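Here the structure is laid out as structure tokens; the discussion comes afterwards.
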Amino acid sequence: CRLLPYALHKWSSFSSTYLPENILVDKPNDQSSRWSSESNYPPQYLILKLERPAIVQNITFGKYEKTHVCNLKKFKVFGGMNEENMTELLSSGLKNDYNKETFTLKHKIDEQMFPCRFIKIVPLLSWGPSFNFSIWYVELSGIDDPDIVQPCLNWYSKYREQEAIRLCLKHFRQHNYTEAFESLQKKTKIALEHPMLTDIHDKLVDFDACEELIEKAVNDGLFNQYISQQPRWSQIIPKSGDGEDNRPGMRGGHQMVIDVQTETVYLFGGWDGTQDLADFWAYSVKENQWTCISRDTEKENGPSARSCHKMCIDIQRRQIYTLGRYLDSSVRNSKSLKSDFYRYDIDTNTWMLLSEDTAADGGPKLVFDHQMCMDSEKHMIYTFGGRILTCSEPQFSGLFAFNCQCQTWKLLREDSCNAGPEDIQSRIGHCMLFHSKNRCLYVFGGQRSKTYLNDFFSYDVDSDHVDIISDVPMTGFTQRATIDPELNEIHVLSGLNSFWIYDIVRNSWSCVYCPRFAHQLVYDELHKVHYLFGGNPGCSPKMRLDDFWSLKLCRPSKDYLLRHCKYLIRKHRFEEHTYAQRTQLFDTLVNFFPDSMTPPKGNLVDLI
Amino acid sequence: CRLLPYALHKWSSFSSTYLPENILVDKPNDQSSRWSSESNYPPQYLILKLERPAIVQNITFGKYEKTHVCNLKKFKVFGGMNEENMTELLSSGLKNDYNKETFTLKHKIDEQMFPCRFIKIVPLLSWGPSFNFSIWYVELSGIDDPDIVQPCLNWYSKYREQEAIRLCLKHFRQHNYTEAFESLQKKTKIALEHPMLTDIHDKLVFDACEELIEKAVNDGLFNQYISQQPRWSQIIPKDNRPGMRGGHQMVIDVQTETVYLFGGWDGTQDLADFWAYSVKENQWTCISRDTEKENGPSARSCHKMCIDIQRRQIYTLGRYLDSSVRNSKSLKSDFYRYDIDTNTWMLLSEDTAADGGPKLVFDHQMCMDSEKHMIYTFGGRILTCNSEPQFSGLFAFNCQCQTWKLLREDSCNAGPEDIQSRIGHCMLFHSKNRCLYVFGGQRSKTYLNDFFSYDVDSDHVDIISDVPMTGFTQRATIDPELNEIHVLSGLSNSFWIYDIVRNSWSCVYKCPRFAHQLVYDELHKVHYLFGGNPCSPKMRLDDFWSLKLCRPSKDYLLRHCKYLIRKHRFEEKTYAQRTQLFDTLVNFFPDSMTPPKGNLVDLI
């Protein structure tokens, strides 16, 4: 990080006694030792040239002894080996104080360092809006050693040459001027694309056999990304005083999870606005019939009436684990605050008290509005967040973990708000989902003491490492989330109903779309169906609703894409310069594959 | 200055291994080398104790090697030699950046230096509201040499003792416990009241006593009290009346007690009518229907002009011309002079630009100084025949030598003695200070909220500011007698006053119009508002008002004091009533001359 000497290459404009060269001297005790633009307008750039090309990492700015209006409230910096090929590096803003601020300029693209020779500083807005821009002293720091600058420049030149070679090869294939060009590209053995596309190209040179290759693409889910680049609402009517007796009653804040393997859903607990509910009901996806497992599980040695609790299920063990009970000061007491934890078997239909109090066994205390997720592999029930109920400063439980194979509790992380190297901040009202495919416990949302937290991070269950993703979609009063391991996505529905989705690999949120509050949402990835039940409508203060809504994803299934490709192939097969026309279908099909392995998306004719 | 050694004294709370002692050592490479509050609640602070008492000037805050959420988005600093009582010194917020910062703590009362021994840092908000506060490294800089700190302590202790003795003497004289209490003052050689106040109190302790305070009141020492202490009156003329017009100009002669109006745009066409309305006669007398017929200017609007009381002469310069009629020959910077005494016009200069004066400008400002007979013109966007707009800078024309001189050219680089040209601003000449106060204005659609002053003799510019904001059609005028700048704004009616002595903006009286003309009077205190259109383009408002300020006056205050004295004398026909009356009257005197406020019993 040695200092990089520089010389004033060019100046858009300057004022009297404020020549640009004055930026070469760090004299804070002199107001005349600064550059000053002729006028405050967009074209006020300043191009500095380095003695030799270097990787500029940080730029240090100096200010007057006191606050000055002409200080750059907003500015931008560009770097380029040539005066024309300028790429932005920083768009921050200087302080109005006299502190010598140093900023870090973008000097790495795709985790590859890139050098620069010309640095263009373009002020955007002075602190004094009507005043001219001014720079007092700029110091450039970076790696000026040729042994470190030449290799990266050579690497970038080779990358550009490879890109040009790929573009020319694709152009030749499109025009099919001559196959010898391939041999010309084979001399370097650096232009060949992925063999997956090579098989299709060879098939082009067979017409009907390519479907087999497409099947492989379906097997590996290559088109999934394309599917991610691409809803249906349905209010289910229960199958036939049976208007409400055949279906669960109106409730809010209940719990429910969907059994993907059994294609069934379960509904327990809830609040109807008048009295807490303890009924347990089941629903089938194969029909609209609703069945009541038990109108009151309390008499069945099961959980009593409760609201704002949590419950998860394990498909492999076909188990249901429930924890949490929201209460009130009038109800809270020594024995009413015990962190009861219950386990239930669907095959045997037996309710038993797994633990009278988790806190006694070292587990989490009685927490309401917490989050729970059971690992599909190790059957570990991780519980996170939720204000601890007590009869003072609010307390939030940390990230615990339960052992289904050993019936033991442990504390993975505490409620540490100091933002340590590996620290997790407990919160309430958040959405936490265990991505089994990636094996990461993602979590977002929540309200730390009604602060409306928006931080998003992922924690590894096995590596015991927490990775911060964002110190994010729109925030609502109540939000529910569901996981899509097969598509590696998270679908979030906000309450009083915005719907947002994003891809784990891409890490880019987006919005893709019945007012319900404190409702319940479950999701089936194999069927690609979200079920939204219950909630609170939001004239009187107290209401209740019993909604039966289902949402089907708008994305096309892999089978649908395969059928479309087969139909496209058959369209040309029925009809059967000809090779060029036939290549259109192959080019269209190649678009379905991910861009990572696909050839360049640009054409030389378009570029020219 | 130099680094001031210090050690941890107290901490409200600390989380885990992040002990407060880590604040001592700077180490951005280590995250643990920091302090972190147990939680984010109002009672979260830290206290640092210096090795010995010292005058801390600046505090240096360290940072982590990378941006951190726990960084103090907002915080406060207090200083005090006893942790029991502390006084705030800084209130700012660290930026979420890895670069070390330093701030200047408020450690000065007037020109004095206040030393401290205990420094309390209380974080308020973190960049992540959920996350708790955390401080990485703090370094205290200042003067710790005893040769400087000790005299400051001696002075501050002496001042505290002086205040205490003044208060006790005030209590004694209020209660008249003893007549020898003045000996205590003799110990300090300082009296709780000024010599005039002491003499008045001795005399009063009423026919002749009244004159003693009357002389002081006539001395003008009560101006501050009067300032420390609304009367719209639409006046109609006694055929002989003006017409609807916007952008006109008008001036007031207090000695002649009249208002001269000229110019204006009535929507259909420009105007050249010159009228002279006499307040005493309430007659809107007509001077001319076309000044050009009398060797005057043409019919144009959006111009400026000043009035010379000692000469009864009007100088007019600058006019607004449409872009279509904008021609090089037609855009000459005209400059005319009118002799109201003889009612004869004269052309000072057909084109002041050639003579060295400002080019043709509109929406500029002008003022006059009869002491030197110097006319100063500032602001105004220069008109050019059909680029970046150019604004004329400060100028100065010799009313006697007939010569144009430039004082400060348009300089937007914010130099030590640079004045930024602007349009729509308010520039006023303070004769008592022989200076020009400039506030408000707009520059290339960017509203200017900077207030400054420029001495016409010392040629020195003093910036007074970097709360009327974005106030279009703001017309202001100065009152040297009251030393107050009164401003009235309008839509693109809010009214404001500015006290120069205390440098304070006060809100008073919080018809709708714009581009109106206002004239202020300092002798009769009668201010007239005319013109200003407010919807249709041809709509205009030409109602004539007699705006006035509803507040006491020096004569009114003197009359009230005399009435109170007469009432007290009549009541006279325990003598604490006279003391109470004297104390009540003392409130009229300024704070500096007045004795300490309050009473000892109020604190005991």
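Naming scheme: A, B, ... for chains in displayed order of the structure tokens; residues 1 onward per chain; ligands 1 onward as shown.
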Inset, instruction - Would you mind listing what lies within 10 Å of residue 328 of chain A as a VMD selection string, with only C-alpha atoms counted and same-chain residues fewer than 6 positions away left out? - result: chain A and resid 336 389 to 391
Residues of chain A near chain B: apply a cut-off of 10 Å, count only C-alpha atoms, and supply the list as a PDB file with C-alpha atoms, in the first residue's frame.
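Writing done, so here's selection.pdb:
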```pdb
ATOM      1  CA  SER A  15     -10.249  29.266 -11.262  1.00  0.00           C
ATOM      2  CA  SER A  16      -7.717  31.956 -10.437  1.00  0.00           C
ATOM      3  CA  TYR A  18      -6.665  27.496  -7.655  1.00  0.00           C
ATOM      4  CA  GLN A  31      -7.024  27.998   1.598  1.00  0.00           C
ATOM      5  CA  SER A  32      -5.203  28.693  -1.694  1.00  0.00           C
ATOM      6  CA  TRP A  35      -8.228  23.033  -6.887  1.00  0.00           C
ATOM      7  CA  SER A  36     -11.381  24.982  -7.722  1.00  0.00           C
ATOM      8  CA  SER A  37     -13.669  24.299 -10.669  1.00  0.00           C
ATOM      9  CA  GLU A  38     -14.704  27.220 -12.855  1.00  0.00           C
ATOM     10  CA  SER A  39     -18.404  26.549 -12.238  1.00  0.00           C
ATOM     11  CA  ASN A  40     -20.655  24.012 -10.517  1.00  0.00           C
ATOM     12  CA  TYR A  41     -21.924  21.952 -13.448  1.00  0.00           C
ATOM     13  CA  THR A  60      -7.008   9.864   0.575  1.00  0.00           C
ATOM     14  CA  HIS A  68     -15.570  24.613   3.866  1.00  0.00           C
ATOM     15  CA  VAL A  69     -18.695  24.861   1.728  1.00  0.00           C
ATOM     16  CA  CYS A  70     -16.923  23.754  -1.460  1.00  0.00           C
ATOM     17  CA  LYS A  95     -17.389  14.949   4.979  1.00  0.00           C
ATOM     18  CA  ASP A  97     -15.284  18.474   8.519  1.00  0.00           C
ATOM     19  CA  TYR A  98     -11.474  18.670   8.402  1.00  0.00           C
ATOM     20  CA  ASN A  99     -10.823  14.961   9.000  1.00  0.00           C
ATOM     21  CA  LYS A 100      -8.494  13.469   6.386  1.00  0.00           C
ATOM     22  CA  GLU A 101     -10.846  10.874   4.908  1.00  0.00           C
ATOM     23  CA  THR A 102      -9.533   7.874   2.977  1.00  0.00           C
ATOM     24  CA  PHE A 103     -11.878   5.830   0.788  1.00  0.00           C
ATOM     25  CA  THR A 104     -11.424   2.398  -0.776  1.00  0.00           C
ATOM     26  CA  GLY A 128     -22.633  24.398  -0.615  1.00  0.00           C
ATOM     27  CA  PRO A 129     -25.086  23.668  -3.427  1.00  0.00           C
ATOM     28  CA  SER A 130     -24.456  26.998  -5.183  1.00  0.00           C
ATOM     29  CA  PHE A 131     -20.666  26.872  -4.681  1.00  0.00           C
ATOM     30  CA  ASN A 132     -17.984  25.465  -6.954  1.00  0.00           C
ATOM     31  CA  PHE A 133     -16.306  22.127  -6.337  1.00  0.00           C
ATOM     32  CA  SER A 134     -12.930  22.158  -4.603  1.00  0.00           C
ATOM     33  CA  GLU A 393     -35.377  -4.882  29.657  1.00  0.00           C
ATOM     34  CA  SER A 416     -25.208 -11.044  21.271  1.00  0.00           C
ATOM     35  CA  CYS A 417     -25.899  -7.612  19.768  1.00  0.00           C
ATOM     36  CA  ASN A 418     -22.217  -6.579  19.732  1.00  0.00           C
ATOM     37  CA  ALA A 419     -21.772  -7.868  16.149  1.00  0.00           C
ATOM     38  CA  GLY A 420     -18.845 -10.151  16.866  1.00  0.00           C
ATOM     39  CA  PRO A 421     -16.993 -12.226  14.296  1.00  0.00           C
ATOM     40  CA  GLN A 425     -28.832 -11.261  17.090  1.00  0.00           C
ATOM     41  CA  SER A 426     -32.008 -12.706  18.586  1.00  0.00           C
ATOM     42  CA  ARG A 427     -35.270 -11.181  17.389  1.00  0.00           C
ATOM     43  CA  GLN A 447     -38.358  -6.644  15.299  1.00  0.00           C
ATOM     44  CA  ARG A 448     -35.698  -6.198  17.989  1.00  0.00           C
ATOM     45  CA  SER A 449     -37.687  -4.121  20.494  1.00  0.00           C
ATOM     46  CA  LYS A 450     -39.930  -2.803  17.704  1.00  0.00           C
ATOM     47  CA  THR A 451     -36.889  -1.651  15.713  1.00  0.00           C
ATOM     48  CA  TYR A 452     -38.027  -3.499  12.553  1.00  0.00           C
ATOM     49  CA  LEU A 453     -34.764  -5.297  11.856  1.00  0.00           C
ATOM     50  CA  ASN A 454     -33.968  -5.951   8.192  1.00  0.00           C
ATOM     51  CA  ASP A 455     -30.666  -7.828   8.536  1.00  0.00           C
ATOM     52  CA  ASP A 471     -26.299  -5.970   7.457  1.00  0.00           C
TER      53      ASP A 471
END
```
Shell around residue 125 of chain A at 7 Å using only C-alpha atoms, local window under 4 positions removed, as an mmCIF file with C-alpha atoms, in the first residue's frame:
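As a result, selection-v3.cif now contains:
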```cif
data_model
loop_
_atom_site.group_PDB
_atom_site.id
_atom_site.type_symbol
_atom_site.label_atom_id
_atom_site.label_comp_id
_atom_site.auth_asym_id
_atom_site.auth_seq_id
_atom_site.Cartn_x
_atom_site.Cartn_y
_atom_site.Cartn_z
ATOM 1 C CA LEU A 72 -17.415 17.549 -2.200
ATOM 2 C CA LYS A 73 -20.710 16.422 -0.692
ATOM 3 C CA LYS A 74 -21.046 13.931 -3.560
ATOM 4 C CA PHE A 75 -18.427 12.848 -6.089
ATOM 5 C CA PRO A 129 -25.086 23.668 -3.427
#
```
Inset, instruction - Find the spatial neighbours of segment 323-330 of chain B, counting only C-alpha atoms, within a cut-off of 12 Å - ignore same-chain residues fewer than 5 positions away - and output them as a list in words. - result: residues 298, 350, 351, 359, 360, 382, 383, 384, 385 and 386 of chain B
Legend entry - Long-range neighbours of segment 523-526 of chain A as an MDAnalysis selection string, 12 Å cut-off, only C-alpha atoms, 6 positions minimum in chain: chainID A and resid 256:265 285 433 480:493 532:533 550:553 557:558
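Our summary of the geometry notes that atom CA of residue 188 of chain A is positioned 15.5 Å from atom CA of residue 157 of chain A.
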Inset, instruction - Quick one: everything within 6 Å of residue 380 of chain B, counting only C-alpha atoms, minus sequence neighbours fewer than 2 positions away in the same chain. Send it as a PyMOL selection string. - result: chain B and resi 361-364+391-392+423
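Interatomic distance, atom CA of residue 214 of chain A to atom CA of residue 190 of chain A: 25.9 Å.
Going from atom CA of residue 356 of chain A over to atom CA of residue 340 of chain A, you cover 4.7 Å.
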Legend entry - Near-residue 522 of chain B list (12 Å; only C-alpha atoms; drop same-chain fewer than 3 positions) as number ranges by chain: B: 252-255, 257, 477-486, 519, 525-527, 548-549
Include C-alpha atoms and write out the residues we just selected as a PDB file, in the first residue's frame.
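Below is the file part28.pdb, written as the result:
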```pdb
ATOM      1  CA  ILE B 252     -39.847  56.315   0.719  1.00  0.00           C
ATOM      2  CA  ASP B 253     -38.554  59.694   1.921  1.00  0.00           C
ATOM      3  CA  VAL B 254     -39.079  59.863   5.682  1.00  0.00           C
ATOM      4  CA  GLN B 255     -37.937  63.478   6.054  1.00  0.00           C
ATOM      5  CA  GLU B 257     -42.775  61.936   4.477  1.00  0.00           C
ATOM      6  CA  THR B 477     -35.492  46.644   4.894  1.00  0.00           C
ATOM      7  CA  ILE B 478     -33.198  47.879   7.653  1.00  0.00           C
ATOM      8  CA  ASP B 479     -33.979  50.018  10.706  1.00  0.00           C
ATOM      9  CA  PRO B 480     -30.727  51.427  12.130  1.00  0.00           C
ATOM     10  CA  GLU B 481     -32.699  53.244  14.834  1.00  0.00           C
ATOM     11  CA  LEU B 482     -33.978  49.860  16.035  1.00  0.00           C
ATOM     12  CA  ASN B 483     -31.002  48.043  14.452  1.00  0.00           C
ATOM     13  CA  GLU B 484     -33.424  45.470  13.056  1.00  0.00           C
ATOM     14  CA  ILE B 485     -33.858  43.984   9.584  1.00  0.00           C
ATOM     15  CA  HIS B 486     -37.549  43.378   8.866  1.00  0.00           C
ATOM     16  CA  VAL B 519     -40.936  50.451   1.793  1.00  0.00           C
ATOM     17  CA  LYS B 525     -42.373  53.649  11.630  1.00  0.00           C
ATOM     18  CA  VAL B 526     -44.980  53.506   8.838  1.00  0.00           C
ATOM     19  CA  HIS B 527     -44.256  50.828   6.228  1.00  0.00           C
ATOM     20  CA  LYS B 548     -47.011  48.854  11.003  1.00  0.00           C
ATOM     21  CA  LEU B 549     -45.470  46.898  13.873  1.00  0.00           C
TER      22      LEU B 549
END
```
Inset, instruction - Among the residues of segment 64-264 of chain B, find those DSSP assigns to helix (DSSP H, G or I) from the backbone and print them as a PyMOL selection string. - result: chain B and resi 146-175+182-188+195-204+207-218+223-228
Inset, instruction - DSSP on the backbone, then: every residue of segment 198-431 of chain A marked strand (DSSP E), written as an MDAnalysis selection string. - result: chainID A and resid 232:235 255:259 264:268 280:284 290:294 310:314 319:323 341:345 350:355 367:368 371:374 380:384 387:388 399:403 408:413 430:431
